[PDB]
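Order of the sequence lines fixes the chain letters, A, B, ..., with proteins taken first and strands second; residue numbering starts at 1 for each chain. These values consider heavy atoms only, across backbone and side chains, with no hydrogens, waters or symmetry-generated copies.
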Amino acid sequence: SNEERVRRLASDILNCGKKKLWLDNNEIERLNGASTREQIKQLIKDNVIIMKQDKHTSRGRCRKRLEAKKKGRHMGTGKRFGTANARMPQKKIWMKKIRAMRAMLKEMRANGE
Amino acid sequence: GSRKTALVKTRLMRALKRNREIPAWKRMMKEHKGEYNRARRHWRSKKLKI
Amino acid sequence: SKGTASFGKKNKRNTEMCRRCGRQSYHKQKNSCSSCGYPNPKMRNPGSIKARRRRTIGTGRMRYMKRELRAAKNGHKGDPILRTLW
Amino acid sequence: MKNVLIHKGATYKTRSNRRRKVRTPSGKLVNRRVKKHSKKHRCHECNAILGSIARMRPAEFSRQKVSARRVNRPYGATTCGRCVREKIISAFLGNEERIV
RNA sequence: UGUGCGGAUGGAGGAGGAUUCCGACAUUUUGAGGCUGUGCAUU
RNA sequence: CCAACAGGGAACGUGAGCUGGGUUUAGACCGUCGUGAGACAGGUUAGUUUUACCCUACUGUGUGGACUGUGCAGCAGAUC
RNA sequence: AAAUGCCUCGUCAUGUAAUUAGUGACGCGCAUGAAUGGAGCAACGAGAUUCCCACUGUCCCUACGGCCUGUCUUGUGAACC
RNA sequence: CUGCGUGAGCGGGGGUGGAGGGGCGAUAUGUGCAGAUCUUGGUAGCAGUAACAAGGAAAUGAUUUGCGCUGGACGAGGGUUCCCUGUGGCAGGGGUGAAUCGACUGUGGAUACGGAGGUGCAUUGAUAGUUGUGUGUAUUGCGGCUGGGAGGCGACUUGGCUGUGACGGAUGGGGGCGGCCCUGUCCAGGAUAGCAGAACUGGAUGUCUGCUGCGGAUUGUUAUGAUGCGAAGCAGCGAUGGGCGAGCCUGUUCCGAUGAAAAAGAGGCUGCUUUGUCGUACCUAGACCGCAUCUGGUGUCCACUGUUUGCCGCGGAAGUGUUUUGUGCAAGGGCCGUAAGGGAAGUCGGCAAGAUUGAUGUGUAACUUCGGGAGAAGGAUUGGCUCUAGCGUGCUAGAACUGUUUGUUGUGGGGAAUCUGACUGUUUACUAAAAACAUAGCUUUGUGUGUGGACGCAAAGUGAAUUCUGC
RNA sequence: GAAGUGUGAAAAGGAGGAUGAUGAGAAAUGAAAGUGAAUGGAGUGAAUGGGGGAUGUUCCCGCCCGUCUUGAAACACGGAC
RNA sequence: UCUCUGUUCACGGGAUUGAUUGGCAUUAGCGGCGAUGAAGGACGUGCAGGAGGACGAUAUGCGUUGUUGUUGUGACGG
Ligand SMILES: [Zn+2]
């Protein structure tokens with residue numbers, strides 16, 4: 001059989017895994033006799049060799065759970081496992097509050113108030 | 001490994017072209033029948049020591 | 001774990017091939033051959049009674065000393081051309 | 001054989017082996033070599049910055065024109081403009097106390 | 001074991017011109033659906 | 001509590017049945033003794049439990065109908 | 001009567017239905033005792049001990065169920081004695 | 001097979017075998033075996049037994065479907081195991097290309113420290129920062145032409161020299177290579193009984209650390225601050241779609257510890273010419289070491305996603321590995337699950353198992369070196385859905401409704417006493433982890449000089465503090 | 001720091017089997033331990049031995065050798081062939 | 001059939017008998033290496049070649065001289 005030489009050359013040309021390749025079962029005499037990289041590229045244009053598709057996991061039921069808790073849906077006392085500081089650090093709420101009220105004072109002074 | 005000294009490389013080459021059986025035209029002679037080289041080495045069993 | 005498990009750590013090599021005698025016994029950190037004693041000008045005293053008969057006069061080729069012995073049976077006549085000068 | 005990083009040479013993370021990641025125009029991901037980091041020039045007296053001299057390693061530095069390697073005034077390669085004024089005033093005022 | 005799918009009538013409230021859309025769950029059709037190695041009959 | 005809570009033997013029955021608390025080499029503490037290395041049937045604490053697939057014994061099982069007789073072997077109820 | 005007390009399961013009190021265990025007190029102490037260190041426990045300990053709550057197949061007294069072995073087949077095929 | 005001899009032994013007959021073999025006297029001896037846990041070689045019983053293997057399938061198997069989790073690169077070690085052809089594992093013939101990869105050069109040392117020089121795209125059966133090609137950088141030698149000054153109050157601009165190499169730990173703020181997520185638009189892909197405001201997947205597009213002049217008293221940080229030794233401000237110089245951070249920029253802090261050395265400086269615009277030697281195939285564990293296709297050991301780098309404080313656990317991708325005619329389950333084992341009523345009666349001994357467990361309000365004693373003890377102990381709440389409030393827009397607080405009562409589908413058992421060691425640490429590689437050893441503190445002794453000069457250097461004992469240390 | 005010498009006078013020839021050829025001869029000789037096939041006899045008693053008789057047995061006698069020891073069949077040691 | 005024991009043929013193993021270009025001893029002579037680069041080591045050399053032996057880029061051997069017609073060989077020199 002020539003199966004082992006065709007999956008090693010075709011997997012390098014197409015840059016995929018050896019199991020994602022489909023070899024036409026009804027053209028065993030074209031598949032037996034390739035032997036070069038230039039002949040493997042002709043069978044890829046003639047659809048004697050085809051590349052399967054990957055699984056990409058869907059995010060549809062993960063996007064529904066993210067817009068539900070933007071309304072506050074899965075955040076009660078039974079759903080928290082880190083501490084209050086781990087999931088919203090207190091030093092970073094302090095920085096955000098005094099940079100905003102140091103900015104008002106700078107423009108209340110520039111307007112004469 | 002890929003890295004090796006020049007003296008290590010030329011002794012590995014000599015050891016390589018030694019590991020060979022008696023040629024066929026010599027075994028076919030009348031007075032050399034039933035002779036095999038018998039000084040053969042296989043890389044898993046016996047080690048060369050550099 | 002001083003048995004089987006300690007053997008998996010032994011991948012450093014201390015020696016190399018000696019340029020005087022050809023054994024794997026030239027210690028690189030010591031700068032010294034443990035077989036022949038290189039780089040001392042004299043060769044090392046052998047370590048056993050059998051060691052004396054593994055490397056001596058006659059265990060190699062004797063490329064020059066054989067020739068000289070054939071010349072001393074005939075009185076050391078040399079090349080017939082140069083014999084006029086002598 | 002999807003999704004690999006291409007890396008050439010040794011892998012130890014020293015000062016002289018820093019790498020970035022880049023996507024090449026054919027879709028590959030490569031761990032590429034970055035020049036060795038060179039520091040800013042300072043004054044040798046007050047430790048202020050001399051922001052105009054180039055930041056290069058010593059061999060590439062020496063291949064530049066003199067306008068890249070110094071400032072145009074005395075001590076221009078090592079000293080600050082503020083420390084040179086005081087050094088001139090101090091030299092002149094000293095000679096006036098010795099001719100008196 | 002415990003009242004099936006689908007439909008119909010409701011639902012704390014919210015959204016906004018259509019008298020529309022979103023909504024856990026409720027009542028009804030319905031001791032209802034699913035399952036069985038035991039017994040009887042038949043093919 | 002009970003009718004009553006007798007005494008003994010079987011390689012001081014029974015570790016290829018178990019367990020390892022006593023005893024228990026190599027670590028350590030205290031008291032007394034010794035110039036010392038060390039000692040004590042004086043006290044204290046920490047300290048590997050190997051192998052049956054052979055012969056015999058014993059338990060079943062196999063060693064070619066149906067209905068029965070009669071020899072041998074086993075043997076059960078006890079107490080309030 | 002302590003990791004140091006022979007006599008010794010010392011004597012009295014306390015915890016139990018019942019205490020050669022534990023803790024408190026006593027002291028002519030075979031043979032306690034002051035850098036051979038004495039007295040002393042805040043904090044720390046996979047160190048040694050005794051008791052309480054909680055909890056349970058540890059036990060009264062065992063039952064039923066799962067997977068891999070064993071039981072049965074083919075191949076490869078040792079050892080102790 | 002047969003005769004003779006008390007015996008040690010000696011004769012004859014028939015097959016086999018295919019070249020030598022004896023009697024008698026004296027003489028020379030490495031001169032006679034059942035044993036020595038005798039030496040070397042061969043062979044039985046045990047026994048077709050113990051042990052190991054039989055991996056999910058589909059008459060076919062380049063096609064369809066089911067399961068497992070290491071996957072990809074550099075060094076040490078190995079050395080042709082790499083590719084093609086023929087053949088039942090061998091046999092025959094091929095394959096490793098360098099100014100810009102490493103070393104041959106520095107330092108009393110080096111394939112990780114110092115150091116003249118690059119990035120894309122394509123290409124073989126097997127090599128590629130090495131072959132080919134688009135563009136760049138350095139270098140060997142040989143030429144041609146050309147300048148020693150102009151500017152700016154200043155910071156500085158220019159063919160216009162004497163600079164660098166060259167240096168520790170912890171931690172905050174700013175800003176981000178690549179990857180991943182949310183979002184507008186445009187072009188495509190795969191599955192579908194029925195329904196779905198029109199889902200799911202891929203690709204393409206969508207400024208100030210500093211310095212100078214004027215000025216002449218205020219000004220700023222997450223934090224410590226800055227300023228008549230010249231603040232702010234104005235004008236310059238120089239430097240450089242939204243959100244989750246690596247190198248980078250800028251601070252603070254810690255030490256009886258303060259964080260190597262040497263090689264390697266010159267430079268304008270142009271034309272020709274040069275670039276030595278050795279390594280380069282293949283394998284992270286069935287290509288290494290452990291006698292082996294051995295559940296052990298072996299330096300460095302990169303690696304997606306749901307849930308979550310968590311790169312853990314509990315589940316998924318990518319890449320990679322894998323078979324297709326043994327049985328169906330006695331007793332007894334190894335690893336586990338559930339149990340009426342009782343609740344340590346078991347046992348040397350609660351050994352083993354069970355039990356507590358995340359987060360947020362509440363409530364916390366004796367003692368104490370005032371720091372601790374402390375998450376002491378003890379009690380309560382927790383899902384889904386639909387809304388309200390705050391500002392910093394993802395977290396925090398509040399309310400109604402709802403179910404076969406129930407929500408952490410993970411994460412400490414606690415308390416009262418005695419003995420002992422102060423504490424974090426260290427130990428009998430392969431039966432002892434400790435009360436042993438170390439330790440700070442405390443005390444004693446010697447010594448006027450070693451490169452070292454008494455707050456030094458060396459030798460002993462005791463073992464934190466507190467209170468003491470008698471004759 | 002080992003273990004391993006032999007077809008024949010002549011290659012006149014073989015090397016899965018069978019049928020054959022060459023040669024004086026299928027080819028150095030080929031013991032014991034142990035095994036397979038056929039065929040005769042015996043057995044359900046550990047076996048084996050001596051006397052006396054007989055084509056197996058029937059009566060009598062008979063514990064396993066070597067060694068050290070006052071003393072061995074020894075629950076004394078060495079000994080599968 | 002199985003266990004023990006006669007007989008005949010076939011296995012298994014390598015003792016025995018007979019050989020031997022090897023070993024061991026005594027005796028007579030000799031005791032002949034190197035800066036004019038030794039002994040020893042590494043790597044190479046055949047049209048078709050691995051081990052051993054032989055040989056050194058004049059490499060599976062060259063020149064002179066003797067004996068040969070041969071797979072040729074002896075003695076000496078390079
Ligand atoms: Zn040597």
Side-chain angles (χ1 to χ4, degrees), chain A residues 1-3 6 17 23 25 28 31 35-37 53-58 60 62 73 76-78 80-84 86-88 91 93-98 100, chain B residues 1-6 9-10 12 14 16 18-23 25-26 37-39 43-44 47-48, chain C residues 1-12 20-22 55 57 59-60 62 64-65 68-70 72 74 78-80, chain D residues 1-5 7-14 18 20-26 29 31 34 48-49 51-52 58-59 61-67 69-72 77-78 81:
Chain A
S1 196
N2 206 35
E3 184 183 4
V6 167
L23 302 194
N25 183 29
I28 293 306
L31 277 173
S35 72
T36 66
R37 290 169 171 264
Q53 300 170 212
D54 282 332
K55 299 177 166 171
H56 302 264
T57 307
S58 50
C62 169
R73 280 302 184 278
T77 165
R80 310 174 186 169
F81 302 102
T83 62
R87 38 187 282 155
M88 198 54 252
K91 174 166 167 127
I93 297 163
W94 160 255
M95 267 189 284
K96 278 210 255 198
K97 261 155 73 159
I98 66 157
Chain B
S2 281
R3 267 100 174 104
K4 58 174 81 82
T5 71
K9 172 169 163 61
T10 77
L12 280 181
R14 177 169 169 98
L16 169 56
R18 183 191 199 269
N19 210 27
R20 183 199 194 292
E21 175 57 45
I22 303 194
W25 58 266
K26 198 158 179 203
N37 173 25
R38 181 196 160 245
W43 59 271
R44 273 189 192 259
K47 300 270 148 203
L48 290 166
Chain C
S1 50
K2 61 163 160 298
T4 291
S6 282
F7 272 99
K9 293 173 172 246
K10 304 178 86 149
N11 63 343
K12 169 163 119 177
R20 187 148 80 177
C21 78
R55 180 173 68 215
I57 308 192
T59 78
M62 277 169 102
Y64 167 77
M65 264 167 82
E68 197 280 324
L69 209 73
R70 174 160 70 83
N74 315 291
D79 190 14
Chain D
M1 302 187 294
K2 300 305 291 265
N3 205 31
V4 302
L5 184 72
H7 182 103
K8 304 172 174 180
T11 67
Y12 308 120
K13 286 171 146 198
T14 74
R18 315 280 213 205
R20 308 279 169 269
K21 294 186 180 195
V22 307
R23 271 277 164 195
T24 66
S26 64
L29 195 66
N31 216 11
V34 167
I49 307 175
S52 297
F61 187 76
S62 66
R63 294 192 294 260
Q64 314 290 306
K65 306 190 202 97
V66 167
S67 80
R69 281 142 56 194
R70 84 190 291 262
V71 168
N72 192 23
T78 48

Review point. Which part of the nucleic acid, if any, lies within contact of D:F61, taking any heavy atom under 4.0 Å across all strands shown: a base, the sugar-phosphate backbone alone, or nothing?
Key: base
**Study point:** Closest non-hydrogen atom pair between C:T59 and C:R55, with its separation
**Key:** OG1-CA, 3.8 Å
Review point. For atom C1', what is the distance between I:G23 and I:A9, given to the nearest Å?
Key: 11 Å
Check your understanding: Is the ring of B:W25 stacked on the base of J:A48, with centres less than 5.5 Å apart and planes under 30° off?
Key -> yes
Review point. Can a side chain N or O of D:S67 be found less than 4.0 Å away from OP1 or OP2 on H:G159?
Key: yes
Check your understanding: Does H:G213 have a Watson-Crick or wobble partner in any strand here, with both distances under 3.5 angstrom, and which is it?
Key -> H:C234
Exercise for review: Using a 4.0 Å heavy-atom cut-off across all strands, classify C:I57 as base, sugar-phosphate, or nothing.
Suggested key: sugar-phosphate
Check your understanding: Partner of H:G334 by Watson-Crick or G-U wobble geometry, both contacts under 3.5 Å, or none?
Key -> G:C67
Check your understanding: When the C1' atoms of H:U107 and H:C304 are considered, how many whole Å apart are they?
Key -> 47 Å
Review point. Counting any heavy atom closer than 4.0 Å, what does C:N11 reach on the DNA or RNA strands: base, sugar-phosphate only, or nothing?
Key: base
Review point. Are any non-hydrogen side-chain atoms of A:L31 and A:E3 less than 4.5 angstrom apart?
Key: no
Point to revise | Spacing of NZ belonging to D:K8 relative to CG belonging to D:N31, to within rounding of 0.5 Å | key: 11.5 Å
Exercise for review: Counting heavy atoms from C-beta on, name the nucleotide in H:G319, J:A38, H:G189 closest to the side chain of A:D54.
Suggested key: H:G319
Study note, to complete from the structure: Distance col, row B:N19:CG vs B:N37:CG, nearest 0.5 angstrom, shows 8.0 Å
Practice item. Have a look at A:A84 and say if it touches a base, only the backbone sugar-phosphate, or nothing, with a 4.0 Å heavy-atom cut-off. Key: sugar-phosphate
Check your understanding: Where the side chain of C:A72 is concerned, which of H:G247, J:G32, H:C161 is the nearest nucleotide?
Key -> J:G32
**Study point:** Listed nucleotide nearest any side-chain atom of A:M95, set H:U222, H:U164, J:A51
**Key:** H:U222
Exercise for review: For B:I22, report the nucleic acid contact type (base, sugar-phosphate, nothing); a contact means any heavy atom under 4.0 Å.
Suggested key: base
**Study point:** Pair partner, I:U35 [Watson-Crick or wobble, under 3.5 Å]
**Key:** J:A10
Exercise for review: Identify which nucleotide among H:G189, H:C200, H:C385 has an atom closest to any side-chain atom of A:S58, counting heavy atoms from C-beta outward.
Suggested key: H:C200
Exercise for review: Searching all strands shown, indicate the nucleotide that pairs with H:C244 (Watson-Crick or G-U wobble; both distances under 3.5 Å).
Suggested key: H:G179
Check your understanding: Between atom CE of A:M95 and atom CD1 of A:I93, what is the distance when rounded to the nearest 0.5 Å?
Key -> 10.5 Å
Review point. Quick one: does C:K10 reach the base of H:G77 with a side-chain donor-acceptor pair under 3.5 Å?
Key: no
Review point. From the list J:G40, H:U201, H:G160, which nucleotide is the closest neighbour of the side chain of D:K65?
Key: H:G160
Review point. Under the rule that ring centres be under 5.5 Å apart and planes under 30 degrees, are H:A340 and H:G341 stacked?
Key: yes
**Study point:** A:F81 CZ to H:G313 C1', straight-line distance once rounded to whole Å
**Key:** 14 Å
Exercise for review: Using Watson-Crick or G-U wobble geometry with both distances below 3.5 Å, tell me the partner of H:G398, or none.
Suggested key: H:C387
